[PDB]
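The residues making up each chain are set out below.
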Amino acid sequence: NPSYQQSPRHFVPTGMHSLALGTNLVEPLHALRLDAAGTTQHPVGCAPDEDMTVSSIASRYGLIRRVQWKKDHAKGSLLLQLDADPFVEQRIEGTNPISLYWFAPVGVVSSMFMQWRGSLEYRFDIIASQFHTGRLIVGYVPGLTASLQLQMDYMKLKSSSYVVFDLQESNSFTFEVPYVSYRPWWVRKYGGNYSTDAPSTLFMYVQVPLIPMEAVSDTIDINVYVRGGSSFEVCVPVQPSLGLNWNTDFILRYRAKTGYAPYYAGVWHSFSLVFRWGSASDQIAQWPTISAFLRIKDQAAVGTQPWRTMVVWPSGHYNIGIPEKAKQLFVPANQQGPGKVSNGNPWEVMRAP
Amino acid sequence: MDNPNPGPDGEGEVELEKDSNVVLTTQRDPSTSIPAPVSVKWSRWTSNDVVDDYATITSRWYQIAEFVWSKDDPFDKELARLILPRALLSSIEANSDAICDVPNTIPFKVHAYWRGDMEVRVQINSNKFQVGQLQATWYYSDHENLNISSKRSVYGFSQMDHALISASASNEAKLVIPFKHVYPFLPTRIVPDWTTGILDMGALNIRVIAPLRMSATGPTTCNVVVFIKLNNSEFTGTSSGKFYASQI
Amino acid sequence: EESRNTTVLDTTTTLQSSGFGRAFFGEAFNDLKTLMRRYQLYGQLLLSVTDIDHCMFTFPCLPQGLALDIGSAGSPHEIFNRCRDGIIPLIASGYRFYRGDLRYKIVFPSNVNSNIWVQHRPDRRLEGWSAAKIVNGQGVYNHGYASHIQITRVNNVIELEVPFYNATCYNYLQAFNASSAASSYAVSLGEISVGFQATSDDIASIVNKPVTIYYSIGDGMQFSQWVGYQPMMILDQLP
Amino acid sequence: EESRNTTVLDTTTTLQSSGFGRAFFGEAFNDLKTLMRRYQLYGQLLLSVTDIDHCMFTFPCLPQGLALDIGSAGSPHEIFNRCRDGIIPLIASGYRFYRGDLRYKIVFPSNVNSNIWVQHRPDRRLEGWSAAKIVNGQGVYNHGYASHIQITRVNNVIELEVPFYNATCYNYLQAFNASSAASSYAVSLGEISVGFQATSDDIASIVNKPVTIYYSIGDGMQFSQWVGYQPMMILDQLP
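Right, let's walk through the structure included here. (Residues numbered from 1 in each chain as written, not as in the entry; some residues may be left out. Chains lettered and ligands numbered in written order. Part of a larger assembly, values for the part shown. Heavy atoms only, no water.)

Moving on: the nonpolar core. Core analysis: the largest hydrophobic core is formed by 196 residues, its most contacted members being A:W69, A:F124, A:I222, B:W69, C:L32, C:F57 and C:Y104. Counting 44 residues, the second largest nonpolar core, distinct from the first, contains D:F57, D:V118, D:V187 and D:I217. (Core = buried A, V, L, I, M, F, W, Y, C linked by side-chain atoms within 4.5 Å. Buried < 20%, exposed > 50% of the residue type's maximum accessible area, 1.4 Å probe, protein only.)

Quick look at the structure:
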């Protein structure tokens, strides 16, 4: 036993390792494996084809818009004026209080990121026979606001970058949207529950109107797919602006305070009955101050009789809820019974003059 | 360059797909879409009984669904939610006879556990003046999802890869569907650890992207045919055919 | 075919590739797998204690995101009511299979002191999306499973590493309706149960304290099959 | 030209260069960047708690120094009333742009025990010099942002590192009047929110305890454009 007498280190405990850091960082863990060097392994038949990658997700088309293009449109008619962002809107005709929206995969994978930049590629799959002939400008205006979103026609469009398509025999093209902004990246459109518009707007006008033969249809539908381009890239990870539809229940927010439900009728040493959220002493459920008595709308606690009326009053310490003029009107403790708790945080503001 | 000379033979060149003894022809080129790479055979890890594919009978094609497709079907209309290792058998039962009567599916009657890849060719026979476009999309394990009813639309299946059947050019849709599932073998009958949802790889479903549009004298209907090959299959668990229950 | 591209009518010149934020921020964002390992809120509970080895709360362990518990009409969990589902099931909605591990880093309250045991149970199946959530011989401590005690007095957070103990190729990832009877073994990595070791006189101090659970995937997760996104809801339109 | 020098009428001989205190103190002071990383008081608050995930106080994160809160007429924050603004905005008054990181090292009180989460939100803009201060879907915890929990029971101080997540060349540095609508994204590094995880019965012990926040720039800050100093106030003439 040599005595190690050099003065040792001098540092700082902390409670928890880093959460945001996830790349170049060996992270210590209390494993629940049996082997210490054990790593999950993939057999030869379990080969992961999809390296999960924003250039792999964003490189997939999603149908996001569909134009009913009829014959009787003039040479100035607007078919779509959708924004030149990944956040392209397509509403579902639902009756829910929150209407769900489809998104392009580039829109979903950019909805987890704060800033995006790069070209977008929109594939227009016009569904036409070889005998239908049409011709349509897919244009692009850099820098349009809300007021300048209108005033538009094809003639003001042909100033900016525009692409005329000759629908004669082939019926599919891919306008690669330029990223023309003053800012190198570009902030997300929607954000959290808190709304920047697009850097630029696409337009699609009918330059030469549809001329079908007499043996074919009058109307032609155009599919509009959206894909992140060959140069699409996003950077800062933030709160998503999009939520899943796995639980579409959304609860708009008198009751008990936060952290006192469930409760049940009981006793209190400074107090007959009063509601308690715990079996240890001085654990009365606290109540908010009404700016009256109470009657519930449903979930009551089960004593000997169920309890649907309560009188809120300060305790001389918060507001207790009580299920010589006051002491004569109290309820005796023999009605306590089993002490079965109330279902959640259910009250009624019965007012009388 | 674009030098037409039609004749008694016609102009175009016929391509084929010859199999064991079923040869089906297409004038048009397929729009192939392959959702996943070709799988490793997996017979080493979980089978001691004699595994023998039957390429002389199982790799034949078999028509499992034809259907009329009218113009009065709406925009996002289901046409066939075919569950491919189930609809192969349940179409045979739709012909109101047993599974033993068909040469393509007799190993499903004898053997117990199927694995393998499935080809799908959805031919269409639209007129050249008809305008409409379908999509054939494969989705792995449809019945294991519950929100799939909210996903089952063209806006959702156009994000995964898929084939497109344009009624304009009478396009044909090859669809190479390899076996990917949770467990590396699909069971073909009542089975000790699951009975409900048997032999269910997923769902070939063919929604409509844009319906048939035509003039007032136009040909309204449009017949659609679906074929299935079972090419790199294998079977294990030789068992009695009296345990094979009828499919749902 | 989906990503086919017939007639490119490009107008653009060459845009300078920043390398997914490398040339500005000194870091990459091309790979979404290394974004997946930023810890996300998993589920949150309030202790309603109604023995020493009774499991205080159990939860199936799964990267899919739980069945989301907003709460009752009176006290909604304000993040799960307002800010829906976060990142990792927003990416897992874009896939169908997964094969990998998870991490947890359970954050306990401070006022509790008693020592805490954590069990990983790969036996217990998940029996559908209903009751695939935090639930306050299953009900007790068990011997043989992988276990870990964290002492609350030293540091009230246990960091875990749940391996891939399933007899599968890979597991299911979307919402799960309990279709087949053995397909139920194809969802969770197992079934973690956290249990305190306090007696009945101390357990009343622990009632209605928050226990937040985090998660992240950790170097092994490989989401395999691409599946498109479901319908989404935009959050700034929430009232 | 400013620093031109026509006719030098020097009388001096050669003065010995000490190397900015090197030859006396064993350390240099030529570079002001390494003086910038000495931690300075940023802002100080008193908790007036009026859920578990409610952000207890928010503050925009910026090296400019906040809008200075002296306080009311009765209880002024005696440093911010007396000793004005310190070092780092006294140097940042001498520049116009910055591009870099920050550090924070938030010092909590001791009597609190509950675990604390800290969010970095680069989304939230700054909307002018008014309400560019500590403020007691923004109001809750959020999933996807960069987060960190410090446990108060182990050590009640969280050291941070706020990176440069802006889509700019560099950001504004003087006082900011919200001139353009998107220029508002050009001031802060983001918007940090500190939130406790205490319940309502414990949160009353936390009311009116001081939470002091420090800051320093950390190896990446590069103040670019020289801009002369504003009018100053001499502190020993304060009554």
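Read on for the rest.
Attention shifts here to the interface of chain A and chain D. The partner chain D presents 26 residues to the 28 residues of chain A that form the contact. When chain A packs against chain D, the two sides together hide about 2,300 Å² of surface, and 58% of this comes from carbon and sulfur. The largest share of the area that chain A buries against chain D comes from A:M16, A:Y194 and A:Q239, three residues that together contribute 23% of it. Put simply, chain A and chain D have five residue pairs in polar contact between them. (Contact = heavy atoms within 4.5 Å. Buried area = accessible area lost by both parts, 1.4 Å probe. Polar contact = N/O pair within 3.5 Å; in protein donor to acceptor, adjacent residues only side chain to side chain.)

Attention now goes to the interface of chain C and chain A. Contacts between the two partners involve 100 residues from chain C and, on the opposite side, 105 residues from chain A. The junction of chain C with chain A conceals about 9,200 Å² of combined surface from both sides, 59% of it contributed by carbon and sulfur atoms. The tally of links from chain C across to chain A stands at four salt bridges. Here C:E161 and A:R33 are joined by a salt bridge, their closest N and O atoms 3.3 Å apart. Linking chain C with chain A are 40 residue pairs in polar contact, by the criterion used here. Those elements that provide at least two residues to the side of chain C that touches chain A are α1 (22-25), α2 (33-36), α3 (78-82), α4 (88-92), β6 (146-150) and β11 (233-234) of chain C. When its residues are assigned to classes, the side of chain C that touches chain A shows 47 nonpolar, 34 polar and 19 charged. (Salt bridge = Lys/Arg side-chain N within 4 Å of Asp/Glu carboxyl O. Helix = DSSP H or I, 4+ residues; strand = E, 2+ residues; numbered from the N terminus. Nonpolar A, V, L, I, M, F, W, Y, C, P; charged D, E, K, R; others polar.)

What follows covers the arrangement of the chains. For the five pairs of chains in contact, the maximum contact count is reached by chains A and C. Separated throughout, chain B and chain D approach each other most closely at a C-alpha pair spaced 23 Å apart.

Another aspect to go through is the sheet that holds strand β13 (residues 234-238) of chain B. Residues and elements named next belong to chain B. On the basis of which strands lie adjacent, the open sheet formed by three strands has the order β10-β5-β13 and antiparallel pairing. Looking along the sheet, the strands with just one partner apiece sit at the ends: β10 (186-187) and β13. As paired strands, strand β5 (residues 111-115) and β13 are joined by four bridges and run antiparallel to one another. Bridge assignment links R115 to a residue of β13, and that residue is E234. (Pairing = 2+ DSSP bridges.)

What follows covers the environment of D:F196. Residues and elements named next belong to chain D. Note on placement: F196 falls in strand β9 (residues 190-196). We classify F196 as buried; its relative accessible area is 0%. Taking the C-alpha atoms as reference points, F196 and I149, separated by 47 residues in sequence, lie 9.6 Å from one another.

Moving on, we get to the side chain of B:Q135. All names here are of chain B. Following the sequence through the fold, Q135 ends up in strand β7 (residues 131-140). Looking at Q135, the relative accessible area reads 0%, which means it is buried. Among the polar contacts listed, one links the side chain of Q135 to the side chain of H162, at a separation of 3.5 Å. Look past the residues within four positions of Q135 in its chain and what remains in contact with it is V154, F157, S158, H162, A163, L164, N205, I206, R207 and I209.

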